[PDB]
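Just below is one structure, and these are the notes that go with it.
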Amino acid sequence: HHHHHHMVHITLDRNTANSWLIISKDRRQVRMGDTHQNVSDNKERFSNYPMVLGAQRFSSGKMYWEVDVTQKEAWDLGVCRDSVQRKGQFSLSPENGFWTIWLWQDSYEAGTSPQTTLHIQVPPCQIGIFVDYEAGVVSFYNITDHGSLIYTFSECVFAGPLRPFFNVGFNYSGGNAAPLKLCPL
Ligand SMILES: CC#CCN(C)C1CCS(=O)(=O)CC1
Ligand SMILES: CC#CCN(C)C1CCS(=O)(=O)CC1
């Protein structure tokens, strides 16, 4: 792909984080802590899952960023509406305002409803995410495999401002403690 020139500097919004997450001082990395991180509750925090939003809001244009997923067993990545549900249980779908892919139990899937099997020959260590607001497109690229396409959501109905979306995943296994990291431009 040739989307690198639309690179944007993403930072994480502490106020949206699940209360177990630890966001680095530079707001570029997030991981699951082993307990509640001693923050007050607020209506923005994702309550049921280890999720956090980027601070940036996008309502036009073309945007590109990259996320490091090295040695993780489970994660979700993409974009979502600013108005997505924060509390209780919900599925990651375009109907609920999410355009995402994930790794779960040794398979990669796109967050359609129902979910779509992805075909990845080279497990990615970094993911590129491209949003074209006007065109209604969200695309995912395998940076480890020379930028190969993973998945394109087209005919997207964003229906609001978009935020970068992250899920570090649970760590029931003891094998998923590693952080998500926003990679430098
Ligand atoms: C099937 C599947 C999948 C991957 N995610 C959509 C979930 C999000 C909720 S969760 O509790 O973080 C488990 C992982
Ligand atoms: C956020 C949240 C939650 C659910 N928890 C009580 C734990 C979090 C740490 S764990 O290792 O994922 C086991 C499940």
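Residue 36 in the deposited numbering is what sits at position 29 of the sequence shown, and the numbering runs on without skipping anything. Note that CB positions come from ideal geometry on N, CA and C, so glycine has one too.
Mind checking whether residue i and residue j have CB atoms under 9 angstroms apart?
i      : j      : result
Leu84  : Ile134 : yes
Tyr140 : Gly68  : yes
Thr18  : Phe53  : no
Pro57  : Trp106 : no
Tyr158 : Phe173 : no
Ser31  : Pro191 : no
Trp72  : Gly176 : no
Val138 : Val86  : yes
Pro131 : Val46  : no
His12  : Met70  : no
Please work out which residues of its chain come closer than 8 angstroms, Cβ to Cβ, to residue i, disregarding the five sequence neighbours upstream and downstream, and give them in chain order.
i      : result
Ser120 : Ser98, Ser100, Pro101, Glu102
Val164 : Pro101, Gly143
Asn49  : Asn22
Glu162 : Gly143
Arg64  : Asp89, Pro168, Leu169, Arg170
Between which two residues does the beta strand (DSSP E) containing residue i stretch?
i         : result
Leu187    : 187-189
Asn174    : 169-174
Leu84     : 82-88
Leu110    : 105-111
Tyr179    : It is not in any beta strand (DSSP E) - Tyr179 carries neither H nor E in the DSSP assignment.
residue 2 : Only positions 8 to 192 of the chain appear in the structure, and residue 2 is not among them; the question remains open.
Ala117    : 114-117
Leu125    : Note, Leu125: premise wrong, no beta strand (DSSP E); not H, not E.
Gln44     : Segment: none, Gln44 is in no beta strand (DSSP E) and carries neither H nor E.
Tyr140    : Where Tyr140 is concerned, there is no enclosing beta strand (DSSP E), given that its DSSP letter is neither H nor E.
Skipping 5 residues on each side, what residues in its chain have a beta carbon closer than 6 angstroms to that of residue i?
i      : result
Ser90  : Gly167
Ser155 : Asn149
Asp113 : none
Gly182 : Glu80
Whole-angstrom Cβ separation of residue i and residue j, contact assumed at under 8 angstroms?
i      : j      : result
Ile150 : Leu125 : Not confirmed; about 15 angstroms, so no contact.
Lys188 : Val74  : 7 angstroms
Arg34  : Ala184 : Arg34 to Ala184, Cβ: 20 angstroms. No contact.
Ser180 : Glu80  : 6 angstroms
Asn55  : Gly95  : 6 angstroms
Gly104 : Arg93  : In fact, because the Cβ distance is near 11 angstroms, the residues do not count as touching under 8 angstroms.
Near residue i, what residues of its chain come up, given a Cβ to Cβ distance below 7 angstroms and the 5 sequence neighbours on each side ignored?
i     : result
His43 : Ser26, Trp27
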